[PDB]
Structure formats: structure tokens, C-alpha cells
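Structure, as C-alpha cells:
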Amino acid sequence: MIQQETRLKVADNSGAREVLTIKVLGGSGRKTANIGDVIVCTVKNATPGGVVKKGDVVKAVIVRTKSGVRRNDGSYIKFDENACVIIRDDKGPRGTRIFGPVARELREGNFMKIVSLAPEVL
Amino acid sequence: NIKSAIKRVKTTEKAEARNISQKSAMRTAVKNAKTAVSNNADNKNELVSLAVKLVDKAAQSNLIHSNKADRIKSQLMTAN
Amino acid sequence: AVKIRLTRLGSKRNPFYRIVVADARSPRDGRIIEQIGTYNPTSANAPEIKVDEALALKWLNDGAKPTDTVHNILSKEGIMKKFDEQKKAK
Amino acid sequence: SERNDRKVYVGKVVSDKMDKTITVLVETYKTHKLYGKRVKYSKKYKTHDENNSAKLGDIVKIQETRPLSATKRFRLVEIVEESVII
RNA sequence: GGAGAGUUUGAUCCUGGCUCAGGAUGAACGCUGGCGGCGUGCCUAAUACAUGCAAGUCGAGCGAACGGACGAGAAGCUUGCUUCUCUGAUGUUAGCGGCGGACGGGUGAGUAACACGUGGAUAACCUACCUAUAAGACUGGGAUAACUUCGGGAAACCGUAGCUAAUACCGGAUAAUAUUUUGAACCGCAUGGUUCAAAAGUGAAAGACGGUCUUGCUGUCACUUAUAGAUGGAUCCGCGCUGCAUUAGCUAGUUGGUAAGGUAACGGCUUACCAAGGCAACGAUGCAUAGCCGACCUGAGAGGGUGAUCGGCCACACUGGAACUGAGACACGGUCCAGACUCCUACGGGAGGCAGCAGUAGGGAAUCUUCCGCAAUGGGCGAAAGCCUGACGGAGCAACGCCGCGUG
RNA sequence: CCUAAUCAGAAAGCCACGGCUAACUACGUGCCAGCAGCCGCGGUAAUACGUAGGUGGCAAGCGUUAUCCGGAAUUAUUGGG
RNA sequence: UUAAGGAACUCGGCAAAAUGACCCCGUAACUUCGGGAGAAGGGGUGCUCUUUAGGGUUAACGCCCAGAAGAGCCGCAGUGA
Ligand SMILES: [Mg+2]
Ligand SMILES: [Mg+2]
């Protein structure tokens, strides 16, 4: 489960391609994370252009986890990868697109701008 | 935008289906023909003369047009 | 697809058409094959014209749909009388 | 069609070490626009020999053909003057 | 048809650089301002674009609906209303099908090479329409849109079950230089070419409108086959076509051969094999810059610079790729795919492409009206009338320039 | 476009003036403000700055800037050392 | 052996795991020009059938040796340990 020093892909129009998970906001020393859990990340590489750069540090919201979530109907889900999306506590992204489909349980946390964009709510 | 060529679309699709049926019917006839070259009965003349009719039953319309037809006959009316 | 036709050459207000043979694919005011004759609808009414009328028949004998505005003046010169006098001859 | 007396070019040879083939060096001399003099620059026209008939060092002319291959067009027509050690 | 003047020094002649006078701009800026004729107007961000139009046409090929002039029978008597029956002129347009959308208009990101110019070749090619000629124009069938009816679809649009035609589509018959094969003559630039003789091989609309009318006859147009003509296109070739050598080795499908395949055609165009050649100081290669030419500016002239308008050639159409229809496109207002971008959505999914005319933002020192019209010329369809034509005619804005008159 | 009528009433400016270059005098200014294409002006009497007057040029056009050729025989084959 | 993560443990990636054979492509800096260099990185490998190159050995038969080309079959995995 996503935790400290975990490298992820991304999904948006950033100029960035992967990140690092410093801290996993919540409680009093959480170790873990899953879908929906905001995190504090940084940047370990970059494609050229784009707003963000190396050495930067920003938050993110996890999605496309590889050990997926259990729905209360008793159904599960699993992706292949791990990923995240950049964010500014509008709970609305910086980016303009979202590749790489999304997990819907974000909706409980009242995220809808990225759900406007994601193929598909799943 | 689109104005009128939508006609030529539908027409293009009809003539697509027709033309490929003609061509591929020929091509299978040619396959039979060249494969009949190995054989010894005849079993050749029926097939090869038939296909050399079909080349012309189907050449008058499509893009071939004659020169290449005449090359196909040129090689194929000789191998038997 | 070959049509003797007109290629206006004057400036703003005083046009001076030219008779010329051409294929219809071309632009009007562009490329041609050979000039013959000419035209001038003013500075004298009736107009001032010339004509080859020697090889102008050549292009008709081997193909043309000569237009009507031309056909009129070729009648005014009357070379078409020789044209049909050979074509509808036989 | 019978109109062209083909471009006949004298020359001499530079190789025979390819099949059915030789490599003529036809040469000229041409003037120079700023000045009014003459000067000579060569070329190397490849060729179709029938059966590697003619030799190296030979004195021969050629003629326009049609594209026969990729970067050889010309024929041989007539070797003029053949000899060995000169 | 051609002009020199200054300037190093206490003063001189020389060599030597710099500056000035002239002409020219697709030109901007400052000042100023009357008018007409002519000609011009995104040279920058090939940056993104709202709104309008920019390519349809044929009912004299076809089925099918609207329509209602005229004629008329009974009438509820309101004696012109009308129910039907309806006679059916003129006309229309949804659709099928034929030809055009590839021409015409616009721009110059790319491209250093047969791309362009010029001169040649094709015994290595293609060519709808339009002309001329010759021959034909026989005999059959089965479907299907519109139209009825059902369903899924938010919408885009899709499918279901019947039904109908044609210059649609599919067979057969017949048809010569057209393909194989055989032989005689003739010919040459080499492979090969021209003609003659003989065995096998393919088509068409029984079509439409009209006259005579015997509905026969024959006409106009239309279709098919063939041979030419011309037109348009293609490939190859010699030559000329930019700068650096602080760019000197490059290339392996490269170079050559064999065979096959492929294409309108030739060809390493492409596969399988044999081979190691090929190109280069006469500047290969690699590198940055760029559309070219006729022409324009200047100069007495040789020459130097540029490639605005006008015209010829080429490439491109959001970027990139592929292919169908078709005579011709690998298609500027066509598709299919992937991508970036913008947008609609019931979130399942769909839509689009101004470097067409105008116009808007953007950049920039700087480049205009969301104009009238199809009278003319040229286009496209048609039998013609006719219709469409932001090509084009032509009005408007700018002292942008040339020319001209005057402010007595 | 033509024909008749009406009023000199609506309709003129820009640059430069030491030489190169056609085109001079007064004021203010005093190495300050300023000009400049070159050479150079300017420290209390500036023909070179700013103002006036006048003049020359030019014309519904004029000056400056950027670019190109000339002059440049300063890539010189014509035409050098 | 161990899903998710992958040196955060830690004095220190100690140890453990990963790589590992054959052939082919390819292989920088620097250099005492020998090397670096197995650099790196990357690919293929199984059985059957067919066709073919071959070389050594012999009178020849056949006995050995190790390649290429196609075409097929299977399994997640073909130097299957
Ligand atoms: Mg990892
Ligand atoms: Mg690490």
C-alpha cells in the first residue's frame, strides 16, 4: 500500500512523469494510503516544458492503485499500476487532461473536476 | 463541413463491395489456374480459358486496365 | 475540352478582349496555346477585330466547342460559312 | 520512334570490373561566365556492356538508351580504337 | 552613356580606410493637407478563430409525394357550397442514378534536387470530355433506397419485416490490328519495330424525347467497341542553378548481375541468391540558409542585390500515415486511423478543421468593408430556357506610390 | 460626361542657411541647455546651439530612420598591386 | 517462498536476491595507442517434417562432424533442472 518513498506515475498535463511520496497526510503518523488519500509528493524527473520542474514539492491525490479497494457491495477491483494527480487544495487540479482511468470512490471526498475529465469513472 | 459528397460516400461503399467481389473472385480463379499448372489432366484449359474470360469481364470497369491484363494473359496463357 | 475563348487584358474600364484557343481546365486570364485574332468592343461601334482565318480553321477541324460570343463574330467575319461548307459538305 | 540520332559521346574507359558493365570517362571543356576562357572537367558515365566485351583503357563512344538500372543508362555502340601497352 | 568633396601633418605628395551628395522601397514614424485618373495593401505567429457565403446541376433517364387551373353527375339548399368521382395543364422538391467535387481560388512551412529554367528523347508510357471515321446497337433475369411498419439510440444516427423502378446491377449471344501461337516480306538507334496470313479470347441502354405515323419509318441527344487527331499528365537525359574545408572520407540495398513479383511504363521500385563494387579536390559527404523562373531595383557596361503585386512550374491543406471511388486524387472545403487542440453529452459516447472572401483576437514598427451584382468574360450540369459561381465585373477605407489641375 | 447660373469667396506647407551645399542678419545663451552624416561648434559679440526676420530648395507633399546599388578602380575579367 | 512498496533499515546495500552459457548486432570518455571492452545496452535458442550447403574418411557403401532456409506443433516458461 502506498507509503513513504514510493514512486508513482502521473496522469495530467504537468511536464512531469513521476514523483516521490514524502508523507501521506492523515492522523498522527499514518504509514499507508489508498484511493482518495491526499499525499505530499515531489518530483524526481520531468518531460520538458510544463509548469512544474525538478526539485519541486506539491500535494497529490492518489488514484489507480494496484491493490484496489473493496466496495461495500462486496465487489473488488484491481489495476496494474500506481498513480497520482497534482492538486492545489481547491481539490481541483492544475492539469487540463486525465489519461489513465480513475477509481470512482473519490466522489465521497467531493472531487468532481477530475471526475469531469477521467475516462472513466470505474 | 459536409454538403453533398455524402452521396459519393454511399456510392463509394456500394462500388467498394461490388468491385472487391469482382477482383477477389478473379484472384481465386487465378489461384486455381496457377495451381492447375502442376496438374496433368485438363482441368487446365477450362479453368485458364475461363479466368482469361474473367479478366475481361471485370477489366472494362475497374482500374487495371488492359496493359496489365495483357501481361497476366501474357504469362498465364503460356504456362499451360 | 478545348474552347476558343476570351482573355480580357485592359485595365479598369477599357477592356480589350483577345481571341485565343485553350483547354477549359485553365484559368481564363492565364495560360493559352496560341493567339488568333482579337477584339475591341469600343473605339468604333461596330467593334474592331482581326482574325487569323487561315489556321483558325485548324483548331476547329481537330476539335473545339467555340462559344457563342465568339461564334457570333466568326459569323460577322463569316469564316464559319467555310467551316460548315466543309463539315456538312459530307 | 525514328527521330533521334542519339547523343553520341566519345570517351575512354575506367573499369570493367562489374558484370556487363564499364565506366566511361567522357570529357569536354567549357567556358566560364565571368571570364572568357576554356577549361576541362570530366564525368563518369556508367554503361551497359553486352558481355564485358571491350577493355579498360579502350577508346569508345556511346548512346542514349532508356533507364536500364539504377544509375546506369547508356549503351556501348562502337569501340573505335583498342590497344595494349601505350 | 560615365563628374567629386571633405578628412591623418607644423606644411607636402602617396598608399589607405570612414562619411556626404543621387536613385529605389509591398515601407513605418513626425509635420501637413484640395481634388481626380491609374496601380497596390499581414513582408511578422504555417498562431488560434465566433458569425455569414465560398460547388452543384440534370423530372427531356428513373420510382414516389405535394399541388390544384379547367371540365362535370347528384346536394345539405347556404344555389356554390363542394363529399366522392374527379379530367388533368403548368410547377415543385425529399430520393435513386449519371457528370462535376482533382479545375478554379489561397499560402510558401518544407525542399539543395531533373525541384526550376533551357534544349532533347519515349524501338520503355497513360489520357475521361471534344472532333473525324468505321462497325454495332440482340436475347433474358434478381434485387433496393425513398415509401409503409417495428426497435435501439439523450443526441448523433443505426438496424428490423414488406415493397417499387430505372440510361441501375447481373448472365448469355455476336464483334477485327486488341492477348497467346505459327510463318513470309520489309526496317532500324541496340534491346526491337511495321505489315500480311491462321488456332483460342471480352461488349452494348430492347434508352429518352419528337415528326411522319403504317406507331412502321426515320431525326436530335445518348450508350458500347475500335482507329486516329488534338489536349492534359508521366519518366529519363546534357547543360546552368548557395555558403562554409575551423565539414575529407561516405555508402551495404549501397553498386552490378540472375530470376520472380510489382506498377500505365522502365528501373533495387521490392523480395531470394552470386559478387565488391560505387562516389570524391573537376569538392562526395555532413552542416546552417532558401521555393524557383519570366521579371523588378541599380549601374553607361560588364556586373551587384531581391523573387512584392501579374503570369508559368512545384510542394502543402491542424501534425502524421494509409487506402477506396475515379479518366485523373493517394483528394483544399471526402473518408478511415493515431495524435494535439476546441466543443456537446443523459457520461454510453459524439462533433470540427478559413494558409477560400470578408471579419475577430494575437504578435508586430505596420498593412482595409462581416459591400452590390451575376449585365459582361470564363467555369460546371443541361436539350435549351435557366441555375450555382466571395472566380470575376465593380463600389468602399489608406497621401502607399505614379501621373495630372489648382488654391486665381 | 454635358449644359446654364453663383462667389476670389472654401483650398498651403515642410526642411535648411560654416564647408561639403543653392541659401545671412539681430536677440537670448555662455564648455551650461543643446546639434552632429563628416570635419567639429559652444567658457559673455556663436553666420554651426535655442528665438525672430529674410532667403534657397521643394512641393500636396516634405524630413528622419532601416534596407539595396551607385560614387567604390575600396576583390580591380573591362579595371589593381 | 511471500502479493503492495522497494535501502525508508542501516555506522555502512554486511548478507540475501538479480546478472550469469553459445551466437549475432553494437560498444563512449580517456589513452603511455597496447587498451578501456565481456563496456554499455539489445536480440535468438525447444521437438517434428521438408529442401539445401557442405568438410574429413573410403573402391564405394555408410561412419562421423555442424550449419543455413522454409513450414508446421505445443506450453505461461524452449542455454525450461
Ligand atoms: Mg523498481
Ligand atoms: Mg536509490
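Each chain in the C-alpha cells gets a letter, A, B and so on, in the order shown; residues start at 1 in every chain, and ligands are counted from 1 in the order they appear.
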
Shell of 10 Å around ligand 1 (only C-alpha atoms (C1' of nucleotides) and all ligand atoms), written as a PyMOL selection string:
(chain A and resi 6-7) or (chain G and resi 5-6)

Strand (DSSP E or B) call set, DSSP backbone run, chain D, as a ChimeraX atom specification
/D:9-13,18,21,23-25,27,30-31,38-39,42,45-48,59-63,74-81

Within chain B, find each residue whose DSSP state, derived from the backbone, is alpha helix (DSSP H), and express the selection as a PyMOL selection string.
chain B and resi 6-37+45-59+67-76

Quick check, in Å to one decimal: how far apart do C1' of residue 331 (chain E) and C1' of residue 317 (chain E) lie?
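Value for the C1' of residue 331 (chain E)-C1' of residue 317 (chain E) distance: 10.8 Å.
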
Contact residues around region 41-54 of chain F with only C-alpha atoms (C1' of nucleotides) at 7 Å, ignoring same-chain residues under 2 positions, as a PDB file with C-alpha atoms (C1' of nucleotides), in the first residue's frame:
```
ATOM      1  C1'   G F  18      30.017  77.392 -41.733  1.00  0.00           C
ATOM      2  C1'   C F  24      22.572  85.921 -43.654  1.00  0.00           C
ATOM      3  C1'   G F  30      27.955  81.358 -22.271  1.00  0.00           C
ATOM      4  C1'   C F  31      32.329  74.124 -22.246  1.00  0.00           C
ATOM      5  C1'   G F  34      21.958  71.788 -26.937  1.00  0.00           C
ATOM      6  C1'   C F  35      23.415  69.989 -32.526  1.00  0.00           C
TER       7        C F  35
END
```

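The residue set within 12 Å of region 25-31 of chain G, counting only C-alpha atoms (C1' of nucleotides) and dropping same-chain residues fewer than 5 places from it, reads residues 36, 37, 38, 39, 40, 41, 42, 43 and 44 of chain G.
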
What is the CA of residue 55 (chain B) to CA of residue 22 (chain B) distance in Å?
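According to the coordinates, CA of residue 55 (chain B) and CA of residue 22 (chain B) are separated by 9.5 Å.
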
Proximal residues of chain E relative to chain C (only C-alpha atoms (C1' of nucleotides); 12 Å) as a PyMOL selection string:
chain E and resi 37-39+102-105+128-133+228-232+310-312+376-380+391-394

Tell me as a compact mmCIF listing (two decimals) with N, CA and C atoms, in the first residue's frame which residues belonging to chain A come within 9 Å of chain E, counting only C-alpha atoms (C1' of nucleotides).
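Saved result, selection.txt, follows:
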```txt
# COMPACT_ATOMS: atom_id res chain seq x y z
N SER A 116 -14.86 15.05 -13.92
CA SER A 116 -15.36 15.57 -15.18
C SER A 116 -14.53 15.10 -16.37
N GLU A 120 -12.41 6.20 -17.40
CA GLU A 120 -13.76 6.52 -16.94
C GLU A 120 -13.92 6.26 -15.47
N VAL A 121 -15.01 6.80 -14.95
CA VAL A 121 -15.37 6.59 -13.56
C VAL A 121 -15.72 5.13 -13.39
```

Using only C-alpha atoms (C1' of nucleotides), which residues sit within 8 Å of residue 27 (chain D) once same-chain residues fewer than 3 positions away are excluded, as a CSV table (one decimal) with N, CA and C atoms, in the first residue's frame?
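Heads up, here's the output in around-v7.csv:
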```csv
chain,number,residue,atom,x,y,z
D,11,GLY,N,34.6,8.8,-75.6
D,11,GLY,CA,35.1,8.7,-74.2
D,11,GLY,C,36.2,7.6,-74.2
D,40,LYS,N,38.5,22.2,-68.7
D,40,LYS,CA,38.0,20.9,-68.9
D,40,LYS,C,37.7,20.2,-67.6
D,41,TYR,N,36.5,19.7,-67.5
D,41,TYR,CA,36.0,18.9,-66.3
D,41,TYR,C,35.4,17.6,-66.9
D,42,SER,N,35.6,16.5,-66.2
D,42,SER,CA,35.2,15.2,-66.7
D,42,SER,C,33.9,14.8,-66.0
D,43,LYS,N,33.4,13.6,-66.5
D,43,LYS,CA,32.4,12.9,-65.8
D,43,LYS,C,32.7,11.4,-65.8
```

Polymer residues at most 9 Å from region 23-27 of chain B, only C-alpha atoms (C1' of nucleotides), same-chain spacing of 6 or more positions, as a VMD selection string
chain B and resid 51 54 to 55 58 62

Next, dump the selected residues to file, keeping only C-alpha atoms, as a short mmCIF file (atom, residue, chain, number, x, y, z; two decimals), in the first residue's frame.
```cif
data_model
loop_
_atom_site.label_atom_id
_atom_site.label_comp_id
_atom_site.auth_asym_id
_atom_site.auth_seq_id
_atom_site.Cartn_x
_atom_site.Cartn_y
_atom_site.Cartn_z
CA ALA B 51 -10.17 -16.96 -66.00
CA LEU B 54 -12.98 -13.19 -66.39
CA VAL B 55 -10.07 -10.77 -66.66
CA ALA B 58 -14.02 -7.46 -64.98
CA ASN B 62 -12.14 -1.34 -62.75
#
```

Contacts of residue 251 (chain E) at 10 Å (only C-alpha atoms (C1' of nucleotides); same-chain gap of 6+ positions) as a VMD selection string
chain E and resid 278 to 279 285

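Minimum atom-to-atom distance to ligand 2, evaluated using only C-alpha atoms and all ligand atoms, belongs to A:44 out of A:39, A:107, A:44, A:72.
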